[PDB]
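What follows is a set of notes on a single structure, which appears directly below.
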Amino acid sequence: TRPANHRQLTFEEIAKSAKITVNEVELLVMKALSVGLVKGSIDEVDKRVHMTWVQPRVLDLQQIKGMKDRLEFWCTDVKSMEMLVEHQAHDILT
Amino acid sequence: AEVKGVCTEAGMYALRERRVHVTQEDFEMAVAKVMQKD
Amino acid sequence: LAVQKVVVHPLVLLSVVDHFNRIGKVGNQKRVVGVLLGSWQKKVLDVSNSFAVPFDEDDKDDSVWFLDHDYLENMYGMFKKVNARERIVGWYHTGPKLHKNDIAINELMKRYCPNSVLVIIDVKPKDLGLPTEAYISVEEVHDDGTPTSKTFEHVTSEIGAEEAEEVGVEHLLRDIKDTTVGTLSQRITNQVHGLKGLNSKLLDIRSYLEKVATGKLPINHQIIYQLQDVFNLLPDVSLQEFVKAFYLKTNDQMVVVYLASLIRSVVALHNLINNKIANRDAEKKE
Amino acid sequence: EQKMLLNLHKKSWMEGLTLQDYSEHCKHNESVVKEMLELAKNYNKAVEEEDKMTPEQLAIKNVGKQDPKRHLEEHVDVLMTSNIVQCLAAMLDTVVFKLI
Amino acid sequence: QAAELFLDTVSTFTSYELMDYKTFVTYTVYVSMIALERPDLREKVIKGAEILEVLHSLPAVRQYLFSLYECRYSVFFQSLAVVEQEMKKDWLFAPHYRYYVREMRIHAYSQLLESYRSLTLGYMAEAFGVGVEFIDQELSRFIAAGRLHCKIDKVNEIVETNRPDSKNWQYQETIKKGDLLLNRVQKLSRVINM
Amino acid sequence: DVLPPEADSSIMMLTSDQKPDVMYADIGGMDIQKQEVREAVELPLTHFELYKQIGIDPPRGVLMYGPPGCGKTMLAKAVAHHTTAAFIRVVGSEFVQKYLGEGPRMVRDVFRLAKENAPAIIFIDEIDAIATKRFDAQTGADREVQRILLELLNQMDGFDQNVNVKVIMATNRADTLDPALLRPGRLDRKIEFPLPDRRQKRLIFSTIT
Amino acid sequence: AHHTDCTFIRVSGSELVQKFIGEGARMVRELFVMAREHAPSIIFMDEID
Amino acid sequence: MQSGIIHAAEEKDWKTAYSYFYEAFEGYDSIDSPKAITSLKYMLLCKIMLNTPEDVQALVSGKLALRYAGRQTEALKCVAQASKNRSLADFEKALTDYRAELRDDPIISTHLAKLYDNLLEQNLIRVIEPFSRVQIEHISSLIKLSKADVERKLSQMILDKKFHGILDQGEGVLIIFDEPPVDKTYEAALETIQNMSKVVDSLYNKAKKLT
Amino acid sequence: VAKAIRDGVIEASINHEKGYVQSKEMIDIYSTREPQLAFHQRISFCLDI
Amino acid sequence: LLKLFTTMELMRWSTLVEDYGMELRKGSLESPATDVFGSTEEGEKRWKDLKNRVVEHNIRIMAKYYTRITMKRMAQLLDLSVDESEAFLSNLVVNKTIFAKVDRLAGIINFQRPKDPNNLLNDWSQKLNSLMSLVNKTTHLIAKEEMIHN
Ligand SMILES: Nc1ncnc2c1ncn2[C@@H]1O[C@H](COP(=O)(O)OP(=O)(O)OP(=O)(O)O)[C@@H](O)[C@H]1O
Ligand SMILES: [Mg+2]
């Protein structure tokens with residue numbers, strides 16, 4: 001659910017969401033890390049879990065539309081930078 | 001020629017101890033080797 | 001897989017183009033099919049020759065199609081007499097994209113070469129991509145419980161030439177190819193072409209997603225799985241650690257660039273010195 | 001046919017944006033700069049020698065002996081190209097592949 | 001380079017037309033304490049047989065060297081004043097007697113601050129046998145020059161050491177020397193055009 | 001075109017499998033000869049900077065001479081087995097060839113190969129085949145051998161102090177050797193392999209038994 | 001020989017150098033043709049004995 | 001043997017002393033002399049003073065030294081193990097168990113102090129290795145020495161650049177720093193700039209002389 | 001000091017109640033774009049030369 | 001038991017004892033015990049070495065997953081005291097078995113080595129390469145889907 005910029009889950013968040021005690025949260029992450037469901041690391045000093053990868057899941061049509069909008073923004077960025085490089089280096093472009 | 005060989009042998013004795021500068025002991029050992037032994 | 005890279009020689013491209021043109025002189029055709037001969041080097045295919053075979057198909061039905069396999073065997077023997085080290089490694093066709101009956105044709109070809117490779121060679125001069133697209137038949141074991149079927153797994157395709165083949169190509173490309181451009185300009189043009197190719201690939205993905213959203217195509221549930229990984233792989237360039245590392249690396253390269261430019265300027269001054277001295281000597285003796 | 005043959009040695013779009021390994025890139029930069037160190041040390045001597053050298057020896061004396069100026073030019077060209085290409089590719093990738 | 005050459009010829013010295021051997025060894029020690037790192041100074045000068053044998057007859061120079069090496073900073077400062085008065089009268093060290101001494105002072109300060117995270121100003125003054133105000137002025141001058149990697153909290157009179165990366169110190173010298181070479185190139189081209 | 005220097009050589013270096021199995025411990029009672037060979041061959045290869053610092057001029061070549069069967073060729077074997085440098089074993093009679101010019105050509109090929117693979121040791125067993133002091137100008141054999149010897153002298157003379165190549169020549173009839181081969185810069189270290197003394201005899205007996 | 005700029009010729013009688021002295025080699029005085037070409041010359045011979 | 005003894009007494013390089021002791025051991029063993037063990041002892045001792053204790057065991061494992069395997073070789077092997085483990089407590093235990101064979105041999109007894117100092121440095125490095133910020137009292141407890149002595153030794157080691165760190169007296173904590181290696185690229189660039197400035201000076205002479 | 005801080009002369013702050021000035025911790029210069037800018041000026045000048 | 005040493009998760013020494021020690025040390029009449037963990041001196045030494053292997057496996061797992069961990073938490077998960085766990089970790093670090101920096105003043109263990117800019121930018125470049133490869137593969141899969149449903 002969380003965007004890639006905010007995939008740092010506090011121990012309290014996992015404990016509350018999973019209906020488990022805080023001291024067990026780490027062990028839960030261990031299983032999810034061992035099976036391969038998720039990827040990341042655990043910072044037990046700050047009681048946080050840095051999650052970097054998720055098992056891909058079945059998406060709804062609306063989620064696919066949002067993904068296509070993300071692709072629209074990505075295509076706009078790629079095209080803009082391609083035109084920038086073509087314009088700036090036009091004289092030396094082969 | 002024997003004196004020159006004594007100088008070279010003093011350098012060789014300095015080498016055998018992995019030293020850079022030739023010392024008087026090296027010259028005396030070279031004299032002993034060049035003259036008495038040979 | 002059994003195939004890591006497929007190298008298609010320019011002779012194969014020219015033979016495919018010539019076959020397509022001579023068949024299309026009839027004025028009624030869609031694609032032509034032939035057999036690919038090459039050698040094997042580690043896990044890298046070396047497609048180096050080809051020969052046309054009679055082939056036809058129905059425009060409407062995909063199950064109706066005729067391929068002359070006796071012709072295939074006879075010309076395989078004839079080519080093997082000339083070059084024994086070139087064996088059947090697959091087939092080709094000039095259709096711009098795959099066909100529903102391509103799997104059946106690959107099954108027919110697999111008797112002659114068990115790990116047959118289908119190299120779709122687009123005769124039309126595509127501006128960005130390579131004219132060749134290599135595929136190998138695999139048994140796709142789905143996890144949805146659907147029965148295992150035969151699909152075409154893509155294979156990285158490259159155009160490589162033999163020494164004499166490269167000599168001939170350079171003779172034919174003598175006028176068109178411009179080699180005066182420096183290496184740096186070539187790399188920057190490579191970067192521009194990479195940007196264009198990435199834009200084209202992203203636009204293809206976007207078009208597929210647009211068709212899926214409006215229901216023109218069903219949700220594959222496997223392309224979506226790959227796309228989630230693709231979007232997860234997008235790095236965060238706004239991180240403090242990454243920004244500091246990028247700045248440090250850029251400065252490390254810029255100091256080297258500065259040293260190189262300083263040495264270049266000094267060498268250029270030395271060249272100017274030599275030129276002025278030579279001019280003064282020439283005018284002094286004359 | 002000319003367009004078809006033009007695809008020979010045409011590099012894939014992926015390696016256009018592909019960045020060289022930064023460890024090997026730094027090692028190469030350090031090695032070439034260390035080479036130009038000795039090359040410039042010899043270049044000074046080459047300038048002084050060519051100051052006092054007759055015009056018949058401008059090329060005969062260059063036979064069998066490396067030219068510090070030529071190797072310096074080659075190293076400069078190589079490092080300029082490599083570092084400029086790497087920097088430009090990294091800067092392009094920082095815009096193209098972005099999370100936002 | 002003077003220290004390197006002097007240490008190379010400390011056991012082969014025969015140039016008595018230039019200086020006496022005792023004077024040569026004193027010069028060698030003087031340049032070594034300013035040009036050598038602590039391990040190099042220990043291996044070559046502190047444990048050097050010839051240098052120690054000569055220093056047996058030169059108590060002042062041995063005191064000057066070992067006070068720095070053994071971190072007797074007040075003794076080192078007194079010996080540095082004596083050494084300064086020696087350099088002022090030497091035609092070889094006269095142009096640099098102001099420079100050398102200053103550098104030595106920096107070295108001493110740097111040494112006292114090398115192993116400690118932070119030092120009170122009073123502790124520095126007591127170690128060097130000077131006033132707190134003198135330590136404040138000297139440390140401020142040398143930090144402003146960028147020679148000491150520390151900052152002074154005058155409110156609490158605590159010098160806190162820093163660990164700047166060698167990359168910054170290499171980059172600043174790269175800028176400086178590249179600018180010097182670039183000025184030479186520019187002026188050479190200026191000469192060439194006319 | 002210009003061919004790579006290591007290419008175009010009829011004589012090859014010793015590979016790992018061609019290394020002799022003779023050890024220094026296998027040789028008994030030649031401590032003086034072992035020390036002289038080590039100080040003149042194997043030590044300058046690894047400690048040339050020390051030789052320069054001290055002021056010693058390392059000997060370019062070594063002439064091992066003595067009565068037959070006194071450990072010359074075996075000491076060469078032990079050097080080849082216990083060296084980190086390239087070893088180029090050759091025999092003097094190999095240089096004399098029917099094709100005129102091939103002798104000097106392969107001599108300079110040997111020296112070029114050694115130079116390109118520095119540090120290297122050149123061993124020429126039975127040096128009398130190309131280093132006799134008498135030459136008949138009207139016989140093709142003596143003319144070719146004179147050419148071979150002159151090329152050998154030139155190759156040894158063209159080796160500056162920088163090139164890390166050591167040359168070893170072995171013979172049991174050094175009285176017949178040309179004096180020009182023993183001049184400084186060619187063979188500055190004549191090591192004699194005399195008949196064993198009583199202590200040498202007992203050392204050899206113990207080592208062999 | 002070095003200080004007076006006189007050419008130093010060593011006559012060892014070696015046959016290896018005979019080709020340089022002359023293809024005749026029947027008399028040692030055939031070397032004089034070379035010596036006259038490098039006058040002033042110092043002809044040196046050392047008796048090994 | 002006397003040459004090696006004098007060489008070690010003058011605290012010169014220990015490689016030459018080891019070579020002299022090796023020749024003495026070979027000579028004494030060839031004639032089957034009772035002193036061949038003594039020259040063996042110092043042979044191992046040099047290896048300890050050369051900061052290469054791992055060789056000592058190999059030296060004992062040789063055929064010539066298998067004849068002399070006894071209390072002296074055991075003492076030197078155990079002190080080699082103490083140096084190899086970088087353990088000062090092992091050094092003291094070795095000095096206690098083999099006091100007759102080590103503390104009473106004058107040649108070894110003379111260098112025992114320097115051996116103790118070297119093992120002190122090694123054990124301090126080993127103790128502070130797993131830490132990035134560690135209380136000085138903990139280091140003293142691990143090393144079994146006074147806190148003042150530990151602090152003085154650590155300060156001297158920092159001044160000697162044996163390891164990278166600082167000493168916080170106010171909290172009495174040693175902070176160990178993972179310093180980065182100097183950039184060889186920048187050093188080479190600086191020296192290249194200097195040499196190219198020399199090149200520009202040569203071009204200056206050529207230009208002003210020829211125009 | 002307030003004018004100097006506002007103008008960017010020095011990176012610091014003033015504690016009026018305490019009555020002192022706290023200088024900001026020095027930032028790693030080489031991890032910023034300033035070395036890149038200086039190298040840019042020098043590189044452009046060298047290429048112009 | 002072997003699966004316990006193959007799974008990439010934490011294993012507790014107390015649970016291991018209470019689940020297998022009787023079957024390993026004393027054994028059963030149906031399945032006799034080997035002399036590996038017998039009551040003799042060698043059996044006791046091998047039992048101690050088994051505990052060492054268990055705690056070292058736990059430290060390896062905790063290094064793979066955790067980036068920083070409290071010394072208290074490390075001791076709790078190792079079934080050891082703070083001093084014993086710290087000593088074992090120090091022994092592992094000295095032998096170069098496992099990298100870890102112990103900020104003992106704050107009671108923190110850092111399994112994360114300092115990030116070389118080479119390493120960080122190489123991770124970024126590897127991410128870019130994998131992204132481009134996945135984009136190409138997705139394009140090919142899209143082509144197959146277009147073929148099937150056209
Ligand atoms: N010191 C030695 N210890 C043991 N064996 C020896 C020793 N010296 C010579 N030999 C014996 O010499 C034999 C071969 O002689 P070697 O080739 O070494 O002699 P050489 O001097 O090269 O002879 P030649 O002059 O006839 O070529 C070997 O089988 C070896 O056992
Ligand atoms: Mg022989």
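Chain labels A, B, ... are given in the sequence in which chains occur in the structure tokens; within each chain residues are numbered consecutively from 1, and ligands are likewise numbered from 1 in the order shown.
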Would you please give, as a PDB file with N, CA, C and O atoms, in the first residue's frame, all residues of segment 8-169 of chain E that DSSP assigns to strand (DSSP E or B) based on the backbone?
ATOM      1  N   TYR E 116      43.097  13.155  20.526  1.00  0.00           N
ATOM      2  CA  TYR E 116      42.034  13.507  21.455  1.00  0.00           C
ATOM      3  C   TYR E 116      40.835  14.072  20.707  1.00  0.00           C
ATOM      4  O   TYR E 116      40.991  14.853  19.765  1.00  0.00           O
ATOM      5  N   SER E 118      38.552  16.107  22.055  1.00  0.00           N
ATOM      6  CA  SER E 118      38.449  17.508  22.429  1.00  0.00           C
ATOM      7  C   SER E 118      39.378  17.778  23.601  1.00  0.00           C
ATOM      8  O   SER E 118      39.614  16.905  24.440  1.00  0.00           O
ATOM      9  N   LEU E 119      39.902  18.998  23.647  1.00  0.00           N
ATOM     10  CA  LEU E 119      40.814  19.421  24.700  1.00  0.00           C
ATOM     11  C   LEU E 119      40.432  20.809  25.186  1.00  0.00           C
ATOM     12  O   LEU E 119      40.171  21.704  24.381  1.00  0.00           O
ATOM     13  N   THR E 120      40.401  20.991  26.501  1.00  0.00           N
ATOM     14  CA  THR E 120      40.125  22.312  27.042  1.00  0.00           C
ATOM     15  C   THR E 120      41.285  23.257  26.744  1.00  0.00           C
ATOM     16  O   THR E 120      42.442  22.843  26.640  1.00  0.00           O
ATOM     17  N   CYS E 150      40.324  21.622  13.635  1.00  0.00           N
ATOM     18  CA  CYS E 150      39.591  21.757  14.886  1.00  0.00           C
ATOM     19  C   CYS E 150      38.875  23.098  14.903  1.00  0.00           C
ATOM     20  O   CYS E 150      39.167  23.990  14.102  1.00  0.00           O
ATOM     21  N   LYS E 151      37.918  23.219  15.819  1.00  0.00           N
ATOM     22  CA  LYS E 151      37.189  24.460  16.040  1.00  0.00           C
ATOM     23  C   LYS E 151      37.114  24.746  17.533  1.00  0.00           C
ATOM     24  O   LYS E 151      37.039  23.830  18.354  1.00  0.00           O
ATOM     25  N   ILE E 152      37.121  26.031  17.877  1.00  0.00           N
ATOM     26  CA  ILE E 152      37.197  26.474  19.265  1.00  0.00           C
ATOM     27  C   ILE E 152      35.818  26.914  19.733  1.00  0.00           C
ATOM     28  O   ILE E 152      35.194  27.789  19.122  1.00  0.00           O
ATOM     29  N   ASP E 153      35.343  26.314  20.823  1.00  0.00           N
ATOM     30  CA  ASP E 153      34.174  26.795  21.548  1.00  0.00           C
ATOM     31  C   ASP E 153      34.697  27.695  22.664  1.00  0.00           C
ATOM     32  O   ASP E 153      35.023  27.250  23.766  1.00  0.00           O
ATOM     33  N   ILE E 158      36.716  25.033  24.681  1.00  0.00           N
ATOM     34  CA  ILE E 158      36.978  23.643  24.324  1.00  0.00           C
ATOM     35  C   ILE E 158      37.304  23.570  22.839  1.00  0.00           C
ATOM     36  O   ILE E 158      36.510  24.011  22.004  1.00  0.00           O
ATOM     37  N   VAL E 159      38.459  23.007  22.510  1.00  0.00           N
ATOM     38  CA  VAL E 159      38.860  22.782  21.130  1.00  0.00           C
ATOM     39  C   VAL E 159      38.385  21.394  20.732  1.00  0.00           C
ATOM     40  O   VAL E 159      38.817  20.392  21.317  1.00  0.00           O
ATOM     41  N   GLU E 160      37.492  21.335  19.748  1.00  0.00           N
ATOM     42  CA  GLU E 160      36.934  20.083  19.255  1.00  0.00           C
ATOM     43  C   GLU E 160      37.565  19.775  17.905  1.00  0.00           C
ATOM     44  O   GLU E 160      37.500  20.596  16.984  1.00  0.00           O
ATOM     45  N   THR E 161      38.169  18.598  17.790  1.00  0.00           N
ATOM     46  CA  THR E 161      38.895  18.236  16.585  1.00  0.00           C
ATOM     47  C   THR E 161      37.943  17.784  15.485  1.00  0.00           C
ATOM     48  O   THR E 161      36.850  17.274  15.744  1.00  0.00           O
TER      49      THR E 161
END
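For chain D, the residues no farther than 10 Å from chain H when using only C-alpha atoms are residues 26, 27, 28, 29, 30, 31, 32, 33, 34, 35, 36, 37, 38, 39, 40, 41, 42, 43, 44, 45, 46, 47, 48, 50 and 51 of chain D.
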Include C-alpha atoms and write out the residues we just selected as a compact mmCIF listing (two decimals), in the first residue's frame.
# COMPACT_ATOMS: atom_id res chain seq x y z
CA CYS D 26 37.80 4.55 -11.41
CA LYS D 27 40.58 1.97 -11.68
CA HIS D 28 40.99 2.78 -15.38
CA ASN D 29 41.02 6.52 -14.67
CA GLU D 30 43.67 6.10 -11.97
CA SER D 31 45.80 3.84 -14.17
CA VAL D 32 45.70 6.20 -17.15
CA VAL D 33 46.45 9.25 -14.99
CA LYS D 34 49.40 7.41 -13.44
CA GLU D 35 50.55 6.69 -17.00
CA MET D 36 50.30 10.37 -17.98
CA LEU D 37 52.45 11.16 -14.94
CA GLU D 38 55.42 9.31 -16.44
CA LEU D 39 54.43 10.51 -19.91
CA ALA D 40 54.68 14.17 -18.87
CA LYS D 41 57.92 13.50 -16.99
CA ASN D 42 59.31 12.17 -20.28
CA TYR D 43 57.58 14.93 -22.27
CA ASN D 44 59.65 17.60 -20.55
CA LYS D 45 62.84 15.76 -21.53
CA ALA D 46 61.51 15.32 -25.07
CA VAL D 47 60.95 19.07 -25.39
CA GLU D 48 64.46 19.84 -24.14
CA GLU D 50 64.09 18.49 -29.51
CA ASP D 51 65.30 22.01 -28.66
Report as a PyMOL selection string which protein, DNA and RNA residues come within 10 Å of ligand 1, using only C-alpha atoms and all ligand atoms.
chain F and resi 22+24-31+33+64-77+125-126+170-173+192-196+200-209
Those selected residues, please, written with C-alpha atoms and delivered as a compact mmCIF listing (two decimals), in the first residue's frame.
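Below is the file that was written, part-v7.txt:
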# COMPACT_ATOMS: atom_id res chain seq x y z
CA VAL F 22 66.51 -31.31 -9.68
CA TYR F 24 69.21 -27.40 -4.71
CA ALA F 25 69.00 -30.01 -1.94
CA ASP F 26 69.48 -32.73 -4.57
CA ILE F 27 72.85 -31.19 -5.41
CA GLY F 28 75.35 -32.02 -2.67
CA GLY F 29 78.34 -29.96 -1.60
CA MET F 30 78.59 -27.02 -4.00
CA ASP F 31 77.94 -24.23 -1.51
CA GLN F 33 79.30 -22.52 -6.57
CA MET F 64 80.53 -22.06 -15.46
CA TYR F 65 83.63 -24.15 -16.18
CA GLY F 66 85.36 -27.19 -14.76
CA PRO F 67 86.11 -30.86 -15.32
CA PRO F 68 83.24 -32.88 -16.80
CA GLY F 69 80.68 -34.23 -14.38
CA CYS F 70 81.22 -31.63 -11.65
CA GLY F 71 77.65 -30.34 -11.37
CA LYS F 72 77.50 -27.59 -14.00
CA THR F 73 74.45 -28.69 -15.99
CA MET F 74 72.77 -29.96 -12.83
CA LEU F 75 73.21 -26.58 -11.14
CA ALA F 76 71.64 -25.04 -14.24
CA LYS F 77 68.75 -27.49 -13.82
CA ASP F 125 75.27 -25.50 -22.53
CA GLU F 126 78.47 -26.52 -24.32
CA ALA F 170 78.65 -23.89 -19.36
CA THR F 171 81.74 -25.66 -20.66
CA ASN F 172 84.37 -28.18 -19.63
CA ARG F 173 87.03 -26.95 -22.09
CA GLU F 192 84.86 -22.89 -11.57
CA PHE F 193 83.34 -26.27 -10.80
CA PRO F 194 86.40 -28.21 -9.60
CA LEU F 195 86.65 -31.85 -8.64
CA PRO F 196 85.07 -32.48 -5.22
CA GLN F 200 82.67 -32.21 -0.92
CA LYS F 201 82.98 -35.96 -1.55
CA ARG F 202 81.28 -36.80 1.74
CA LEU F 203 78.51 -34.25 1.13
CA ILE F 204 77.84 -35.70 -2.33
CA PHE F 205 77.92 -39.25 -0.95
CA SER F 206 75.46 -38.41 1.83
CA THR F 207 73.08 -36.52 -0.48
CA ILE F 208 73.03 -39.28 -3.11
CA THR F 209 72.83 -42.18 -0.64
Identify all chain C residues at most 7 Å from chain D by counting only C-alpha atoms; ligands do not count. Present them as a PDB file with N, CA and C atoms, in the first residue's frame.
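Once everything was written out, this is part27.pdb:
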ATOM      1  N   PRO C  10      25.121 -10.631 -42.100  1.00  0.00           N
ATOM      2  CA  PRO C  10      24.506  -9.809 -43.154  1.00  0.00           C
ATOM      3  C   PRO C  10      24.121 -10.595 -44.394  1.00  0.00           C
ATOM      4  N   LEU C  13      20.608 -11.621 -43.920  1.00  0.00           N
ATOM      5  CA  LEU C  13      19.689 -10.512 -44.152  1.00  0.00           C
ATOM      6  C   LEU C  13      19.488 -10.261 -45.641  1.00  0.00           C
ATOM      7  N   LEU C  14      20.578 -10.255 -46.411  1.00  0.00           N
ATOM      8  CA  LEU C  14      20.462 -10.022 -47.846  1.00  0.00           C
ATOM      9  C   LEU C  14      19.706 -11.152 -48.533  1.00  0.00           C
ATOM     10  N   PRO C 125      12.443  -1.366 -43.483  1.00  0.00           N
ATOM     11  CA  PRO C 125      13.557  -0.755 -42.746  1.00  0.00           C
ATOM     12  C   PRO C 125      13.110  -0.020 -41.493  1.00  0.00           C
ATOM     13  N   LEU C 130      16.570  -3.675 -34.450  1.00  0.00           N
ATOM     14  CA  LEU C 130      17.225  -4.563 -35.392  1.00  0.00           C
ATOM     15  C   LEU C 130      16.181  -5.276 -36.248  1.00  0.00           C
ATOM     16  N   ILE C 159      23.553  -8.585 -34.892  1.00  0.00           N
ATOM     17  CA  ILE C 159      24.040  -8.687 -36.261  1.00  0.00           C
ATOM     18  C   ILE C 159      25.561  -8.676 -36.208  1.00  0.00           C
ATOM     19  N   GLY C 160      26.170  -9.798 -36.568  1.00  0.00           N
ATOM     20  CA  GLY C 160      27.613  -9.894 -36.633  1.00  0.00           C
ATOM     21  C   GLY C 160      28.036 -10.494 -37.956  1.00  0.00           C
ATOM     22  N   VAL C 169      30.461  -5.897 -46.786  1.00  0.00           N
ATOM     23  CA  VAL C 169      29.468  -4.946 -46.295  1.00  0.00           C
ATOM     24  C   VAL C 169      30.035  -3.533 -46.302  1.00  0.00           C
ATOM     25  N   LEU C 173      28.718  -0.382 -48.110  1.00  0.00           N
ATOM     26  CA  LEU C 173      28.374   0.773 -47.293  1.00  0.00           C
ATOM     27  C   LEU C 173      29.459   1.841 -47.316  1.00  0.00           C
ATOM     28  N   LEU C 184      33.506   9.983 -29.390  1.00  0.00           N
ATOM     29  CA  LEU C 184      32.622  10.646 -28.435  1.00  0.00           C
ATOM     30  C   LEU C 184      31.260  10.944 -29.050  1.00  0.00           C
ATOM     31  N   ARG C 187      29.302   7.716 -29.220  1.00  0.00           N
ATOM     32  CA  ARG C 187      28.702   7.318 -27.949  1.00  0.00           C
ATOM     33  C   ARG C 187      27.500   8.188 -27.604  1.00  0.00           C
ATOM     34  N   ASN C 190      24.745   6.988 -29.601  1.00  0.00           N
ATOM     35  CA  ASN C 190      24.265   5.755 -28.988  1.00  0.00           C
ATOM     36  C   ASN C 190      23.331   6.053 -27.825  1.00  0.00           C
ATOM     37  N   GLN C 191      23.666   7.063 -27.022  1.00  0.00           N
ATOM     38  CA  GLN C 191      22.793   7.458 -25.921  1.00  0.00           C
ATOM     39  C   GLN C 191      21.458   7.980 -26.437  1.00  0.00           C
ATOM     40  N   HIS C 193      20.032   7.142 -29.287  1.00  0.00           N
ATOM     41  CA  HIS C 193      19.305   5.979 -29.780  1.00  0.00           C
ATOM     42  C   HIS C 193      18.750   5.140 -28.639  1.00  0.00           C
ATOM     43  N   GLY C 194      19.490   5.027 -27.536  1.00  0.00           N
ATOM     44  CA  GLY C 194      18.970   4.323 -26.377  1.00  0.00           C
ATOM     45  C   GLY C 194      17.763   5.015 -25.780  1.00  0.00           C
ATOM     46  N   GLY C 197      14.877   4.252 -28.137  1.00  0.00           N
ATOM     47  CA  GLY C 197      14.409   2.885 -27.985  1.00  0.00           C
ATOM     48  C   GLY C 197      13.646   2.672 -26.693  1.00  0.00           C
ATOM     49  N   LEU C 234      12.483   1.227 -10.225  1.00  0.00           N
ATOM     50  CA  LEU C 234      12.782   2.635 -10.457  1.00  0.00           C
ATOM     51  C   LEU C 234      13.479   3.228  -9.239  1.00  0.00           C
ATOM     52  N   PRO C 235      14.751   3.596  -9.359  1.00  0.00           N
ATOM     53  CA  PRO C 235      15.493   4.083  -8.195  1.00  0.00           C
ATOM     54  C   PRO C 235      15.043   5.472  -7.773  1.00  0.00           C
ATOM     55  N   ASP C 236      15.278   5.770  -6.499  1.00  0.00           N
ATOM     56  CA  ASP C 236      15.014   7.092  -5.945  1.00  0.00           C
ATOM     57  C   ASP C 236      16.296   7.909  -6.027  1.00  0.00           C
ATOM     58  N   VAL C 237      16.341   8.857  -6.969  1.00  0.00           N
ATOM     59  CA  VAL C 237      17.513   9.708  -7.134  1.00  0.00           C
ATOM     60  C   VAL C 237      17.490  10.911  -6.205  1.00  0.00           C
ATOM     61  N   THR C 250      30.829  12.476  -9.764  1.00  0.00           N
ATOM     62  CA  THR C 250      30.915  13.459 -10.834  1.00  0.00           C
ATOM     63  C   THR C 250      32.150  14.330 -10.674  1.00  0.00           C
ATOM     64  N   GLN C 253      35.247  12.314 -11.684  1.00  0.00           N
ATOM     65  CA  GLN C 253      35.429  12.272 -13.130  1.00  0.00           C
ATOM     66  C   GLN C 253      35.780  13.641 -13.704  1.00  0.00           C
ATOM     67  N   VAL C 257      38.766  14.875 -16.192  1.00  0.00           N
ATOM     68  CA  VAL C 257      38.487  15.618 -17.417  1.00  0.00           C
ATOM     69  C   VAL C 257      39.294  16.911 -17.447  1.00  0.00           C
ATOM     70  N   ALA C 260      42.942  16.108 -18.245  1.00  0.00           N
ATOM     71  CA  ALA C 260      43.074  15.793 -19.662  1.00  0.00           C
ATOM     72  C   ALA C 260      42.987  17.050 -20.519  1.00  0.00           C
ATOM     73  N   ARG C 264      45.830  18.649 -22.885  1.00  0.00           N
ATOM     74  CA  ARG C 264      45.499  18.920 -24.279  1.00  0.00           C
ATOM     75  C   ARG C 264      45.828  20.357 -24.659  1.00  0.00           C
TER      76      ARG C 264
END
What lies within 7 Å of residue 46 of chain I using only C-alpha atoms, ignoring chain neighbours under 6 positions off, as an NGL selection string?
:C and (261-262 or 265)
Take the residues from that selection and put them in a file with N, CA and C atoms, as a PDB file, in the first residue's frame.
ATOM      1  N   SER C 261      42.051  17.948 -20.204  1.00  0.00           N
ATOM      2  CA  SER C 261      41.915  19.181 -20.972  1.00  0.00           C
ATOM      3  C   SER C 261      43.123  20.092 -20.798  1.00  0.00           C
ATOM      4  N   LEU C 262      43.683  20.157 -19.589  1.00  0.00           N
ATOM      5  CA  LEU C 262      44.883  20.956 -19.366  1.00  0.00           C
ATOM      6  C   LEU C 262      46.057  20.423 -20.176  1.00  0.00           C
ATOM      7  N   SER C 265      45.507  21.310 -23.782  1.00  0.00           N
ATOM      8  CA  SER C 265      45.805  22.710 -24.065  1.00  0.00           C
ATOM      9  C   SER C 265      47.306  22.947 -24.156  1.00  0.00           C
TER      10      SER C 265
END
